[PDB]
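What follows is a single structure, written as structure tokens, with notes after it.
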Amino acid sequence: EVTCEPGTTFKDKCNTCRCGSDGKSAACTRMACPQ
């Protein structure tokens with residue numbers, strides 16, 4: 001559930017996350033946050 005705005009990047013969870021351009025979807029470098 002990504003509620004970020006599409007058009008930017010931020011260090012969320014345990015890895016970056018370039019907010020996609022559609023919303024509710026980011027790239028993120030990886031996934032090391034088992035939360």
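Labels for the structure tokens follow display order: chains A, B, ..., residues from 1 in each chain, ligands from 1.
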
message: I want to know what sits within 7 Å of stretch 21-32 of chain A, based on only C-alpha atoms, with residues of the same chain fewer than 6 positions away left out; could you give that as a PyMOL selection string?
response: chain A and resi 1-7+14-15

message: I'd like to know which residues of chain A are strand (DSSP E or B) (by DSSP, run on the backbone); could you write them as JSON, numbers by chain?
response: {"A": [8, 9, 12, 15, 18, 19, 26]}
